There are 4 protein chains.
Amino acid sequence: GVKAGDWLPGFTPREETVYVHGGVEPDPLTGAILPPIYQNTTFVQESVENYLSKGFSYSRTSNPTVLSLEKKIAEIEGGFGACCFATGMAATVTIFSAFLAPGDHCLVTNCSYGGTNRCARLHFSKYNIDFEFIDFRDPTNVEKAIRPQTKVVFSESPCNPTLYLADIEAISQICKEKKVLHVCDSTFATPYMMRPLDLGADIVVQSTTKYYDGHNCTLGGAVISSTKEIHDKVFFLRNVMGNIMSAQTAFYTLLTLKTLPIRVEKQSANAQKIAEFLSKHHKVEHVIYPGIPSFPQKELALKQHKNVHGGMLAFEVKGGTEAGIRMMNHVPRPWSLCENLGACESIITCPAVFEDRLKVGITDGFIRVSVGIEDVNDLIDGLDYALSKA
Amino acid sequence: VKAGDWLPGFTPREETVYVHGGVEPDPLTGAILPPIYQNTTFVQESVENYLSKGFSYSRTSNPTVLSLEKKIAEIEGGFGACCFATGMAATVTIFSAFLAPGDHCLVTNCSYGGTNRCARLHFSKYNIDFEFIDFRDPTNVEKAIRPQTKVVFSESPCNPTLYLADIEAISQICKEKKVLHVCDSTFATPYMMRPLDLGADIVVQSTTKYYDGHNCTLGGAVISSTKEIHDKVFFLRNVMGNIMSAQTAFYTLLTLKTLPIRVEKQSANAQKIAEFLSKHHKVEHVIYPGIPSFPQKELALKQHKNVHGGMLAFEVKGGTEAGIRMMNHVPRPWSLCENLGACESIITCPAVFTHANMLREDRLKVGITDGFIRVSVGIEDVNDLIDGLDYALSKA
Amino acid sequence: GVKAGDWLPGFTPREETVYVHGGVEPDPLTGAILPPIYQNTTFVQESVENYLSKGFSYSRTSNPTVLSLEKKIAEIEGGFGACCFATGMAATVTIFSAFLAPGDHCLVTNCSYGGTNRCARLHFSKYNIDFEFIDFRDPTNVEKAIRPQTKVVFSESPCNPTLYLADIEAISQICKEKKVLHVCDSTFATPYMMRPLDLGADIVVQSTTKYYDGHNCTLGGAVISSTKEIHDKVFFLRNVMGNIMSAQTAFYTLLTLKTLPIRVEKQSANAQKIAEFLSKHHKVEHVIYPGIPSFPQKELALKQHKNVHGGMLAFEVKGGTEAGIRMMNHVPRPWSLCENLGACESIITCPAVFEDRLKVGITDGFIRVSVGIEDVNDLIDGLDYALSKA
Amino acid sequence: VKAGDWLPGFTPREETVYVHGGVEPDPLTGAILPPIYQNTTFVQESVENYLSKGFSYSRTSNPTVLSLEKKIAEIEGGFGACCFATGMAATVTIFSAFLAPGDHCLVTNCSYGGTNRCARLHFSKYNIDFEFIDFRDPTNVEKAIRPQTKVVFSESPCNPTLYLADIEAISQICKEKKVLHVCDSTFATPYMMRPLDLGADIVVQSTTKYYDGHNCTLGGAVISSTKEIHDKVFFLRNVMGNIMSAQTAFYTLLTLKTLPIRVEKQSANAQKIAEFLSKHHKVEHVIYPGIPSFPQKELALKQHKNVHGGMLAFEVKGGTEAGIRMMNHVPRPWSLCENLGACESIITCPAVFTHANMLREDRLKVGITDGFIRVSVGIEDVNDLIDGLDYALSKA
Ligand SMILES: *Cc1c(COP(=O)(O)O)cnc(C)c1O
Ligand SMILES: *Cc1c(COP(=O)(O)O)cnc(C)c1O
Ligand SMILES: *Cc1c(COP(=O)(O)O)cnc(C)c1O
Ligand SMILES: *Cc1c(COP(=O)(O)O)cnc(C)c1O
Ligand SMILES: *[C@H](C=C)[C@H](N)C(=O)O
Ligand SMILES: *[C@H](C=C)[C@H](N)C(=O)O
């Protein structure tokens with residue numbers, strides 16, 4: 001005998017329903033359909049005994065809008081809990097700060113996001129933490145490289161920007177047998193395509209800036225924890241380091257998450273067609289997209305990717321860095337020559353100009369492409385024009 | 001041509017316009033999104049260089065609002081666009097601009113309730129004669145045009161009956177009679193119908209609904225087909241001080257980018273839901289342009305592009321009390337509330353919600369029967385929505 | 001036996017306390033010290049019978065953040081109720097739309113804000129409403145000019161930009177004896193200096209853009225009603241015309257109202273010193289400020305102005321429009337050559353270039369000055385430099 | 001020089017800097033306030049023209065945040081400033097930048113609780129030795145400096161004991177020993193004390209408190225005296241991803257304009273309240289720099305400018321239970337909560353609120369007695385605040 005405002009008892013809401021409504025109910029006070037923005041720093045306590053009786057005290061620790069977004073994200077990624085941060089780098093740094101001490105070993109994918117690599121090497125290594133960067137394409141490599149001091153195995157799939165894949169289920173089985181903490185950066189994937197916590201990962205790190213936002217609008221990070229122990233560790237350290245997400249950013253992201261399925265579907269269809277076009281282009285050397293049949297890790301993509309193969313692709317222009325640069329300089333609108341990725345607006349970039357950067361795969365004129373939701377024919381027209389000008 | 005430029009001579013296709021139309025990266029910084037000009041006034045370089053940078057006071061115009069207006073004018077296919085705090089403000093500005101004492105205005109009988117009230121309870125006090133006719137037959141509009149008729153205000157689809165109006169034929173009539181044709185295509189969105197392409201002189205939009213699509217902001221838009229009409233709307237907006245804020249314009253610039261995919265999802269869900277309802281035994285009638293039982297299917301196929309929309313309606317067997325039992329028992333993800341066109345599916349019964357004010361006689365005359373229910377379909381999983389509707393109908 | 005969160009029974013809180021806290025209590029749900037921003041359009045209803053049981057349904061009609069700001073403003077101005085609008089012009093237009101019909105007469109100060117004058121003449125007169133503009137400096141003039149069709153007496157004090165004063169108590173006595181509705185635009189005054197509702201006015205119109213905001217940040221208007229009848233009329237017509245203030249603007253203004261007393265005190269002290277300096281300046285023809293002893297309506301200023309004489313002044317540069325324009329072009333920072341007024345930033349303007357405009361008093365080179373809260377010596381230095389360059 | 005330019009060779013005075021410092025009207029539009037760059041990335045003109053407009057990714061830097069940082073560097077008298085999501089983030093970035101395993105850091109014993117915890121519960125795990133000493137005597141700092149000491153972290157006034165530290169003498173000591181002097185002047189604000197003027201190498205601010213002053217946003221600031229220190233802070237902020245958002249920076253750019261008048265009002269109210277409390281028979285002790293009973297009055301008059309601040313403290317006769325009875329019975333306009341420095345007056349008792357965690361022994365050693373109460377004075381009418389305090393003391 002449920003009424004309006006209640007969910008059907010015994011019904012797990014479907015995926016897109018969760019993206020629309022998950023972790024959010026109408027405001028109890030007013031019935032407001034959207035969460036009010038709690039743009040305030042402190043919360044008045046009713047008494048000394050009733051301290052935190054309403055759950056909040058100070059926004060660096062917790063905020064109702066941020067908490068609503070966290071519950072939504074934990075539900076979307078299938079974790080016990082989630083903590084939101086000012087940036088994705090803040091989330092990664094909070095992971096490294098919480099679960100690594102002097103003497104600890106940490107295995108990181110050698111093709112990780114450049115910021116993750118630089119924060120590990122340039123900063124955290126000063127604390128006598130050993131970061132070893134290996135190829136995660138073969139999970140057996142991860143199994144070999146585990147030492148007794150290994151505390152964290154940090155995977156990324158697909159990797160920024162090489163789009164190399166890591167077998168999250170195999171790596172998670174290895175890590176659970178070896179009793180080492182498995183952290184996965186599924187920013188490029190989005191939970192719509194892959195939920196590492198479903199594949200056995202201990203922690204998921206997300207740059208909500210990318211696809212959670214998907215509108216080039218905010219910065220944010222998320223750490224989704226599978227257990228209460230891990231989540232409490234992360235919550236405590238976030239309060240200590242003061243890198244929590246703001247309420248306004250939480251509101252923006254709560255709005256933009258609702259359309260993540262349709263956004264990612266459109267971006268991925270456009271990306272498939274664009275990668276197919278680039279693979280046929282006489283001016284294009286190599287094309288990297290998990291959806292085209294020549295993808296080297298095709299079997300792992302088909303096993304690990306749900307619904308889509310994503311909006312990220314890459315390609316090499318025949319002619320080296322000079323042809324690549326000429327092409328970059330001659331890409332017209334609606335393409336944008338900038339950084340970031342995962343947004344409605346299609347983005348093109350060249351990490352080589354924006355030895356150490358070829359063993360990764362960021363070769364000469366290696367162009368990274370974030371596909372948006374514009375008309376795919378306009379995107380292909382701009383690409384074709386630029387390629388003919390290369 | 002180098003990077004950052006559109007290829008000369010080419011035009012962005014539809015969804016490209018929704019993403020990028022009327023907005024370029026910030027010339028000062030390259031910011032891919034337009035900054036939010038949350039400021040009242042603009043410093044002038046000198047007395048002689050007054051307005052040399054185009055701005056002076058945010059009530060008159062604002063850069064964020066202007067970027068949104070360029071986008072909206074591009075999407076709707078008009079010369080210009082002016083943005084307002086609400087859709088009602090856009091309608092009210094139209095009425096205040098183009099009507100005077102002694103003028104005549106043709107309004108669709110099944111117009112949006114707010115339009116009907118604001119014409120009846122307010123502007124009629126200015127000795128302006130408002131006549132509410134059935135716009136379903138363009139000859140009704142043609143016959144009812146007086147020599148004092150200045151504005152013909154169509155709405156398609158209508159709120160909430162979803163009646164259609166032949167915008168092309170009505171525009172032909174108005175052009176031949178030299179009468180302004182204003183069309184409220186809020187329920188249609190420009191992704192399904194652009195009245196300016198069909199000869200309408202003005203389009204009024206409640207950006208609150210689908211332009212937003214997230215239950216986030218209120219807004220309105222007036223898209224003008226000529227420079228003279230646009231200049232009049234601009235002047236009157238400045239005079240009446242009902243411009244849209246820069247924060248709302250930023251929100252709308254964000255949400256408009258996904259309008260095509262949002263509306264495609266809502267329309268697919270609405271088609272499936274209408275087909276489900278047209279076979280439930282507790283349902284007396286189902287209105288959706290995408291099902292064969294639609295009375296104006298010919299006009300719908302002639303006038304609707306891509307989709308048939310995310311709005312539908314249905315009449316429950318059992319009258320008002322059965323409708324109320326269903327409303328009180330419609331579960332989540334549905335929301336019992338007003339507004340429409342959002343990602344969150346919304347259901348309402350105007351009889352005892354929107355029009356618990358109104359007498360039942362002309363409420364039936366205006367089409368809204370007793371068990372009439374308006375349904376805005378969101379982008380949730382259609383199975384959750386259908387299960388909710390089925391349980392609610394079980395309780396009817 | 002009151003506890004934390006309650007006010008002392010039988011205590012009317014003092015003025016500055018009302019500016020800080022009036023119309024706002026901690027959020028009942030979370031104890032949040034500031035009102036959450038209800039950035040949502042619709043409000044979910046619990047049932048058909050319990051329609052509007054929580055008070056809200058649609059934001060064009062009403063919004064909790066806007067409602068909180070309205071209660072605060074009604075308390076500050078001493079009225080039964082208040083309605084907030086997108087702009088001050090929207091508030092004035094709502095007044096004219098509600099209380100004027102074809103055939104009605106309306107007395108307006110001839111020195112009213114230019115926007116009020118233009119909306120009355122250019123627009124509302126098309127509805128066969130007669131707007132008569134007379135000199136409100138003598139209340140007897142208002143008494144003479146009242147016809148049987150006069151419905152609204154629309155005063156302004158101080159006037160934009162001539163700073164002419166209108167005797168609100170005398171005009172209100174006249175209007176109450178004649179049974180005509182008295183509306184007052186006290187934007188230049190702020191309730192800290194004058195509350196027309198205390199002086200018998202029927203309606204107060206405020207441009208919250210000016211001093212309520214005081215930070216050049218938002219646009220807004222307010223209509224403060226002395227009776228429930230008037231307030232309900234205004235509320236209904238605001239819902240009809242769709243010119244309500246947004247929740248974000250309400251939040252901004254709720255923040256900026258807290259410092260209105262100290263802001264206006266600082267602006268007014270700076271303005272007094274600046275007007276005294278200008279009155280001694282050999283390059284300055286006339287100086288207009290209600291605080292200097294030569295003010296023509298000095299007695300009315302001392303009778304009607306509380307605490308301060310405001311941050312608005314005006315002056316004429318000796319030499320006509322050419323000297324005025326040279327001075328305007330040679331005013332350095334921190335002065336800003338723009339429009340608007342009442343902000344932290346000091347503003348200078350010349351309405352003559354930014355016959356019909358001299359009977360008002362906007363003479364040749366008539367400079368309007370909005371004084372901010374910068375260091376008064378910097379403001380005087382910039383003015384002195386500009387004047388020597390005139 | 002024409003309009004819109006500062007007179008060359010002149011410097012704005014204090015309050016002028018608070019209003020206008022480091023911000024000019026928008027070059028594109030003349031917008032008197034800086035627009036809100038609510039955008040993640042910035043479009044580049046070409047490969048060669050990378051960063052030609054100064055921006056690329058908002059985590060690294062953002063135009064609104066940069067305008068706020070210019071303002072803050074001007075106000076505090078530093079070379080540069082970097083803004084963070086919180087004050088704790090600024091402190092944590094300092095610790096992460098300038099400390100390494102085996103390094104030594106001198107921290108005031110009566111430091112802010114968050115600083116104490118983050119040094120003790122986190123960075124000490126990196127084999128960094130944190131020593132908490134009494135900063136009230138600069139010779140204590142001088143004697144305790146090891147050859148491995150890299151940072152000396154002062155706080156003045158201290159939270160919540162309001163102990164002062166001689167920033168000039170400590171800075172002299174640190175310069176002679178070539179040690180970084182970081183000072184947390186959150187409680188002071190630059191309107192009362194600017195540690196960079198007193199030889200400090202770094203100032204850390206919780207902009208949440210007085211910079212905001214409206215209980216609206218969280219933020220932090222690191223103001224660096226040299227280019228090298230500033231560049232290190234900038235690099236590490238980019239690496240740790242704890243930059244301040246553009247909306248928060250806009251709010252803070254708004255609120256900083258009234259910091260002088262706000263702090264003057266709070267300080268006048270605090271003086272009157274301290275004088276009232278120093279004569280209430282239910283009050284055992286009163287700490288405020290502006291009353292004669294202040295233990296460090298000489299340093300206060302030497303080091304405090306304009307005012308003595310809006311923070312005070314007092315110990316109630318009767319112990320913790322009397323303090324709790326007073327806390328539960330302090331009426332509006334007071335608010336029982338955390339945070340400080342806002343327009344709204346705030347009262348707290350760390351013993352059973354902030355430090356219901358802590359053991360009582362070292363909580364007394366760190367100065368906070370049992371009936372200790374911290375009071376942030378707002379800008380309400382001082383009579384309302386005094387009446388509230390008097391009633392609450394009646395209930396003690
Ligand atoms: C962008 C990104 C990050 C960094 O997140 P920010 O919000 O920019 O700090 C980390 N990992 C991946 C894969 C990313 O794409
Ligand atoms: C919503 C609507 C309006 C009114 O717009 P508001 O934003 O609510 O003021 C007018 N016409 C239609 C068809 C509408 O749907
Ligand atoms: C500014 C002003 C107005 C107009 O208010 P807006 O917010 O600009 O629409 C009306 N009257 C006076 C006295 C004003 O100063
Ligand atoms: C508030 C404060 C902090 C912490 O700043 P947050 O914004 O709360 O992270 C650090 N030191 C002092 C003195 C403080 O008052
Ligand atoms: C009008 C009243 C809220 C609105 N557009 C609706 O249809 O609900
Ligand atoms: C720390 C904890 C909330 C904060 N700055 C305070 O002093 O309350």
# chains A, B, ... in the order shown; residues from 1 in each chain; ligands from 1
call {"tool": "select_by_dssp", "arguments": {"residues": "region 57-243 of chain D", "states": "strand (DSSP E)", "output": "CSV table (one decimal) with N, CA, C and O atoms, in the first residue's frame"}}
result
chain,number,residue,atom,x,y,z
D,80,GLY,N,53.0,36.8,-4.0
D,80,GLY,CA,52.0,36.1,-4.7
D,80,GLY,C,51.0,35.5,-3.7
D,80,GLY,O,51.3,35.5,-2.5
D,81,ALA,N,49.9,34.9,-4.2
D,81,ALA,CA,49.0,34.2,-3.3
D,81,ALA,C,48.3,33.1,-4.1
D,81,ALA,O,48.1,33.2,-5.3
D,82,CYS,N,48.1,32.0,-3.5
D,82,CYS,CA,47.5,30.8,-4.1
D,82,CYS,C,46.2,30.5,-3.2
D,82,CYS,O,46.3,30.4,-2.0
D,83,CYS,N,45.1,30.3,-3.8
D,83,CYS,CA,43.9,30.1,-3.1
D,83,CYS,C,43.5,28.6,-3.2
D,83,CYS,O,43.6,27.9,-4.2
D,84,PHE,N,42.9,28.1,-2.1
D,84,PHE,CA,42.6,26.7,-1.9
D,84,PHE,C,41.2,26.5,-1.5
D,84,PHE,O,40.5,27.4,-1.1
D,104,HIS,N,62.2,18.8,10.7
D,104,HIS,CA,61.7,19.2,11.9
D,104,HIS,C,60.8,20.4,11.7
D,104,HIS,O,61.1,21.3,10.9
D,105,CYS,N,59.7,20.5,12.4
D,105,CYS,CA,58.7,21.6,12.3
D,105,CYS,C,58.3,22.1,13.6
D,105,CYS,O,57.8,21.3,14.4
D,106,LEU,N,58.4,23.4,13.9
D,106,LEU,CA,58.0,24.0,15.2
D,106,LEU,C,56.5,24.5,15.0
D,106,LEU,O,56.3,25.4,14.2
D,107,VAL,N,55.6,24.0,15.8
D,107,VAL,CA,54.2,24.4,15.7
D,107,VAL,C,53.8,24.9,17.1
D,107,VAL,O,54.3,24.4,18.1
D,108,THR,N,53.0,26.0,17.1
D,108,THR,CA,52.5,26.5,18.4
D,108,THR,C,51.7,25.4,19.1
D,108,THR,O,50.9,24.7,18.4
D,129,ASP,N,59.0,15.2,12.2
D,129,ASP,CA,59.0,15.4,13.7
D,129,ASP,C,58.3,16.8,13.9
D,129,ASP,O,58.8,17.8,13.6
D,130,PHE,N,57.1,16.7,14.5
D,130,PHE,CA,56.4,17.9,14.8
D,130,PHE,C,56.5,18.2,16.3
D,130,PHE,O,56.2,17.3,17.1
D,131,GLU,N,57.0,19.4,16.7
D,131,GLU,CA,57.2,19.7,18.1
D,131,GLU,C,56.3,20.9,18.4
D,131,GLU,O,56.4,22.0,17.7
D,132,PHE,N,55.5,20.8,19.4
D,132,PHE,CA,54.5,21.8,19.8
D,132,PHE,C,55.0,22.5,21.1
D,132,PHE,O,55.1,21.9,22.1
D,133,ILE,N,55.4,23.8,20.9
D,133,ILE,CA,56.0,24.6,21.9
D,133,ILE,C,55.1,25.8,22.2
D,133,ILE,O,54.1,26.1,21.4
D,149,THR,N,65.3,21.7,11.3
D,149,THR,CA,64.1,22.5,11.4
D,149,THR,C,63.9,23.3,10.1
D,149,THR,O,64.8,24.1,9.7
D,150,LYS,N,62.8,23.1,9.4
D,150,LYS,CA,62.5,23.7,8.1
D,150,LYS,C,61.4,24.8,8.2
D,150,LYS,O,61.5,25.8,7.6
D,151,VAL,N,60.4,24.5,9.0
D,151,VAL,CA,59.2,25.4,9.1
D,151,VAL,C,59.0,25.7,10.6
D,151,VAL,O,59.0,24.8,11.4
D,152,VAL,N,58.7,27.0,10.8
D,152,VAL,CA,58.2,27.4,12.1
D,152,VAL,C,56.8,28.0,11.9
D,152,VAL,O,56.7,29.0,11.1
D,153,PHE,N,55.8,27.3,12.4
D,153,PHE,CA,54.4,27.7,12.2
D,153,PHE,C,53.8,28.4,13.4
D,153,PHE,O,53.4,27.7,14.3
D,154,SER,N,53.7,29.7,13.3
D,154,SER,CA,53.1,30.5,14.3
D,154,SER,C,51.6,30.7,14.0
D,154,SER,O,51.1,30.5,12.9
D,155,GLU,N,50.9,31.1,15.0
D,155,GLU,CA,49.5,31.5,14.9
D,155,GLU,C,49.2,32.6,15.8
D,155,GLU,O,49.5,32.5,17.0
D,180,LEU,N,62.0,28.7,7.4
D,180,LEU,CA,60.8,29.3,6.9
D,180,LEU,C,59.9,29.7,8.1
D,180,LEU,O,59.7,28.9,9.0
D,181,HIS,N,59.3,30.9,8.1
D,181,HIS,CA,58.4,31.3,9.1
D,181,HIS,C,57.0,31.4,8.4
D,181,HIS,O,56.8,32.3,7.6
D,182,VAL,N,56.1,30.5,8.7
D,182,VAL,CA,54.7,30.5,8.3
D,182,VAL,C,53.9,31.0,9.5
D,182,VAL,O,54.1,30.5,10.6
D,183,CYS,N,52.9,31.9,9.2
D,183,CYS,CA,52.1,32.4,10.2
D,183,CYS,C,50.6,32.3,9.8
D,183,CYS,O,50.3,32.7,8.7
D,184,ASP,N,49.8,31.7,10.7
D,184,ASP,CA,48.4,31.7,10.5
D,184,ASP,C,47.7,32.9,11.2
D,184,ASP,O,47.5,32.9,12.4
D,202,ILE,N,55.7,33.2,5.0
D,202,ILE,CA,54.4,32.8,4.4
D,202,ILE,C,53.3,33.2,5.4
D,202,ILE,O,53.5,33.1,6.6
D,203,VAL,N,52.2,33.6,4.9
D,203,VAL,CA,50.9,33.8,5.6
D,203,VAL,C,49.9,32.8,5.1
D,203,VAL,O,49.8,32.6,3.9
D,204,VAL,N,49.3,32.0,6.0
D,204,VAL,CA,48.2,31.2,5.7
D,204,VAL,C,46.9,31.7,6.3
D,204,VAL,O,46.9,32.2,7.4
D,205,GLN,N,45.9,31.8,5.5
D,205,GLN,CA,44.6,32.3,5.9
D,205,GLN,C,43.5,31.3,5.7
D,205,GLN,O,43.5,30.6,4.7
D,220,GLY,N,40.8,28.8,1.5
D,220,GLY,CA,42.1,29.1,2.1
D,220,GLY,C,43.0,29.9,1.2
D,220,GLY,O,42.8,30.0,0.0
D,221,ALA,N,44.0,30.5,1.8
D,221,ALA,CA,44.9,31.3,1.0
D,221,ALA,C,46.3,31.1,1.6
D,221,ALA,O,46.5,31.0,2.8
D,222,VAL,N,47.3,31.0,0.7
D,222,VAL,CA,48.7,31.0,1.0
D,222,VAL,C,49.3,32.2,0.3
D,222,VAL,O,49.4,32.3,-0.9
D,223,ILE,N,49.8,33.2,1.1
D,223,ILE,CA,50.4,34.4,0.6
D,223,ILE,C,51.9,34.3,0.8
D,223,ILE,O,52.4,34.1,2.0
D,224,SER,N,52.6,34.3,-0.3
D,224,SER,CA,54.1,34.1,-0.3
D,224,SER,C,54.8,35.4,-0.5
D,224,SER,O,54.4,36.2,-1.4
call {"tool": "residues_near_ligand", "arguments": {"ligand": "ligand 3", "cutoff": "9 Å", "atoms": "only C-alpha atoms and all ligand atoms", "output": "ChimeraX atom specification"}}
result
/B:40,57-60,238-242 /C:85-92,112-116,156-161,185-189,205-210,218-221,340-342
call {"tool": "residues_near_ligand", "arguments": {"ligand": "ligand 6", "cutoff": "7 Å", "atoms": "only C-alpha atoms and all ligand atoms", "output": "number ranges by chain"}}
result
A: 58; D: 112-114, 159, 338-340, 354
call {"tool": "write_last_selection", "arguments": {"atoms": "C-alpha atoms", "output": "compact mmCIF listing (two decimals), in the first residue's frame"}}
result
# COMPACT_ATOMS: atom_id res chain seq x y z
CA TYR A 58 31.03 22.08 9.31
CA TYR D 112 44.06 25.51 15.64
CA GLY D 113 42.72 22.03 16.35
CA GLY D 114 42.71 21.02 12.69
CA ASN D 159 42.54 29.39 18.37
CA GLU D 338 31.36 26.08 14.78
CA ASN D 339 33.08 28.56 12.40
CA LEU D 340 33.93 32.15 13.39
CA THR D 354 35.12 20.75 19.19
call {"tool": "residues_around", "arguments": {"residues": "residue 265 (chain D)", "least_positions_apart": "2", "cutoff": "12 Å", "atoms": "only C-alpha atoms", "output": "number ranges by chain"}}
result
C: 16, 259, 261-263, 265-266; D: 258-263, 267-272, 306-310, 341-345, 377-382
call {"tool": "write_last_selection", "arguments": {"atoms": "C-alpha atoms", "output": "PDB file, in the first residue's frame"}}
result
ATOM      1  CA  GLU C  16      21.304  45.801  13.065  1.00  0.00           C
ATOM      2  CA  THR C 259      26.040  44.656   6.052  1.00  0.00           C
ATOM      3  CA  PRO C 261      23.917  49.478   8.008  1.00  0.00           C
ATOM      4  CA  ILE C 262      27.733  49.578   8.151  1.00  0.00           C
ATOM      5  CA  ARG C 263      27.937  49.979   4.365  1.00  0.00           C
ATOM      6  CA  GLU C 265      27.228  54.524   7.342  1.00  0.00           C
ATOM      7  CA  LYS C 266      30.632  54.338   5.641  1.00  0.00           C
TER       8      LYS C 266
ATOM      9  CA  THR D 258      33.413  45.004   3.431  1.00  0.00           C
ATOM     10  CA  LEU D 259      36.070  43.324   5.596  1.00  0.00           C
ATOM     11  CA  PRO D 260      37.311  46.663   7.052  1.00  0.00           C
ATOM     12  CA  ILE D 261      33.875  47.939   8.115  1.00  0.00           C
ATOM     13  CA  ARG D 262      32.750  44.459   9.188  1.00  0.00           C
ATOM     14  CA  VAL D 263      35.835  44.012  11.368  1.00  0.00           C
ATOM     15  CA  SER D 267      35.700  44.778  17.157  1.00  0.00           C
ATOM     16  CA  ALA D 268      33.627  47.567  18.701  1.00  0.00           C
ATOM     17  CA  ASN D 269      31.000  45.013  19.705  1.00  0.00           C
ATOM     18  CA  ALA D 270      33.698  42.683  21.054  1.00  0.00           C
ATOM     19  CA  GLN D 271      35.277  45.427  23.154  1.00  0.00           C
ATOM     20  CA  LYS D 272      31.892  46.261  24.662  1.00  0.00           C
ATOM     21  CA  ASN D 306      43.162  49.703  14.054  1.00  0.00           C
ATOM     22  CA  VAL D 307      41.285  47.224  16.262  1.00  0.00           C
ATOM     23  CA  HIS D 308      41.767  44.265  18.595  1.00  0.00           C
ATOM     24  CA  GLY D 309      39.480  41.905  16.667  1.00  0.00           C
ATOM     25  CA  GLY D 310      36.104  40.220  16.920  1.00  0.00           C
ATOM     26  CA  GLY D 341      34.470  35.657  12.055  1.00  0.00           C
ATOM     27  CA  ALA D 342      31.018  36.007  10.471  1.00  0.00           C
ATOM     28  CA  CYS D 343      28.303  38.665  10.542  1.00  0.00           C
ATOM     29  CA  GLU D 344      26.312  36.214  12.678  1.00  0.00           C
ATOM     30  CA  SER D 345      27.600  35.985  16.243  1.00  0.00           C
ATOM     31  CA  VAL D 377      31.318  38.544  17.624  1.00  0.00           C
ATOM     32  CA  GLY D 378      29.184  39.477  14.631  1.00  0.00           C
ATOM     33  CA  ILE D 379      27.689  42.767  13.525  1.00  0.00           C
ATOM     34  CA  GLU D 380      24.303  42.553  15.268  1.00  0.00           C
ATOM     35  CA  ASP D 381      23.282  45.191  17.778  1.00  0.00           C
ATOM     36  CA  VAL D 382      25.605  44.797  20.754  1.00  0.00           C
TER      37      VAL D 382
END
call {"tool": "residues_near_ligand", "arguments": {"ligand": "ligand 2", "cutoff": "6 Å", "atoms": "only C-alpha atoms and all ligand atoms", "output": "PyMOL selection string"}}
result
(chain B and resi 86-88+112+159+186-187+206+208+218-220) or (chain C and resi 242)
call {"tool": "write_last_selection", "arguments": {"atoms": "C-alpha atoms", "output": "tab-separated table (two decimals), in the first residue's frame"}}
result
chain	number	residue	atom	x	y	z
B	86	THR	CA	9.84	33.30	-17.01
B	87	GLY	CA	7.77	32.12	-19.94
B	88	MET	CA	4.85	34.09	-18.52
B	112	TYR	CA	-1.79	27.23	-21.25
B	159	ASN	CA	-1.36	22.47	-22.66
B	186	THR	CA	6.93	25.15	-25.54
B	187	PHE	CA	5.55	21.61	-25.71
B	206	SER	CA	8.95	28.64	-21.68
B	208	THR	CA	11.68	26.44	-17.87
B	218	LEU	CA	12.65	29.47	-14.74
B	219	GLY	CA	12.97	31.35	-17.98
B	220	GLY	CA	11.27	32.58	-21.10
C	242	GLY	CA	6.16	36.23	-14.19
call {"tool": "interface_residues", "arguments": {"of": "chain C", "to": "chain D", "cutoff": "7 Å", "atoms": "only C-alpha atoms", "output": "list in words"}}
result
residues 2, 3, 4, 5, 6, 7, 8, 13, 14, 15, 16, 17, 20, 21, 215, 255, 262, 329, 330, 331, 332, 333, 334, 336, 344, 345, 374, 375 and 378 of chain C
call {"tool": "interface_residues", "arguments": {"of": "chain D", "to": "chain B", "cutoff": "8 Å", "atoms": "only C-alpha atoms", "output": "ChimeraX atom specification"}}
result
/D:3-4,25,27-46,53-55,63
